[PDB]
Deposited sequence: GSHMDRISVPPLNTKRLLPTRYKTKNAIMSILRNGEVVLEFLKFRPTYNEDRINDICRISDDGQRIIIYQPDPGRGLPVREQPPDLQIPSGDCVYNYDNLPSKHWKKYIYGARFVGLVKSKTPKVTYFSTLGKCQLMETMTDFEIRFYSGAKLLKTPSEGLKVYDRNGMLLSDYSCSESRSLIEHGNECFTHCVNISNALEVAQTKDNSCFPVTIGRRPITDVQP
């Protein structure tokens, strides 16, 4: 039933570069091979330090999941990268369509970490007459760094905002920058749609950069 399948769509790390992000509760990595590794931490007085409590690896297309607890009861100490993957024993290998519900929260955490990185990864970059425009891989996040210094931000929750170089939210000059922002956004979206036509499995069309900073 529609009740036995997780809420998020299967994640995927298309065009996302290696990155290692760390909160107080988790280390999360996108690896060179596109896989997502989540190392959830638990502080262990016994060792007086964070320990890797459990690990969730997710394939670059979101369909294959491995979830286990390393050395249960104590886990592993934190290193500069996630631990290597030991050959799976089977009962720690799940897939997207049958992932049990008790593991959905971890998977959703991965989807969200991937969402974040996608929201900061430029897919189309364009030099307008007024500023450097960047459409992110999410197709919704977008910003312009104006040569003057101002900045326009478009996000899925607030819409378009514009700021001065130090970050104060500016006002008829705003009407001008905002209008230019809409225009660039649409151009970048059109560039993106246009380029999918030339895309093949062997040859990519992104990330793309058009024009250059004037002088």
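Visitor: Note down, first to last, the deposited-sequence stretches for which the model contains no C-alpha atom.
Guide: Sequence ranges with no C-alpha atoms are 1, 172 to 175, 221 to 225.
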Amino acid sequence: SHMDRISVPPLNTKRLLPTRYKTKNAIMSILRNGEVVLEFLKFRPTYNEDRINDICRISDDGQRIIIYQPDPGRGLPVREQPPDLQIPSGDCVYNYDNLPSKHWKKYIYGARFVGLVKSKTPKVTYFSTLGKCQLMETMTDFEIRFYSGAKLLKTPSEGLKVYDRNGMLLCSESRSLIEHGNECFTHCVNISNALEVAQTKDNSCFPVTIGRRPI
From here on, numbers count along this sequence of modelled residues.
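Visitor: Return whichever of 161 to 169 and 32 to 40 has the greater mean Cα B factor according to the PDB record.
Guide: Averaging CA B-factors over each stretch, the winner is 161 to 169.
Visitor: On mean C-alpha B-factor from the PDB entry, just flag whether 97 to 105 or 77 to 85 is the higher one.
Guide: Taking the mean B-factor of the alpha carbons in each, 77 to 85 is higher.
Visitor: Report the option among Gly62, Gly149, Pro70, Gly181 whose CA atom has the maximum B-factor in the deposited record.
Guide: It is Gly149.
Visitor: Hey, out of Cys92, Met136, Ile144, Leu116, whose CA B-factor is highest in the deposited coordinates?
Guide: Comparing C-alpha B-factors across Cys92, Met136, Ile144, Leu116, the maximum falls on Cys92.
Visitor: Relative to the other modelled residues of the same chain, rank the CA B-factor of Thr19 and answer lowest, middle or highest third.
Guide: For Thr19, whose C-alpha B-factor we compare with every modelled residue in the chain, the answer is the lowest third.
Visitor: For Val197, return the chain-relative third of its C-alpha B-factor as stated in the PDB record: lowest, middle or highest.
Guide: CA B-factor rank for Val197: highest third.
Visitor: Would you check the entry's CA temperature factor for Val8 and let me know if it's in the chain's lowest, middle or highest third?
Guide: Ranked within chain, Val8 CA B lands in the middle tercile.
Visitor: Based on the deposited C-alpha B factors for this chain, I'd like to know if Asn48 is in the lowest, middle or highest third.
Guide: Highest third, going by the recorded CA B-factors of the chain.
Visitor: Among the modelled residues of this chain, does the Cα B factor of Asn190 put it in the lowest, middle or highest third?
Guide: Lowest third - that is where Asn190 ends up once the chain's C-alpha B-factors are sorted.
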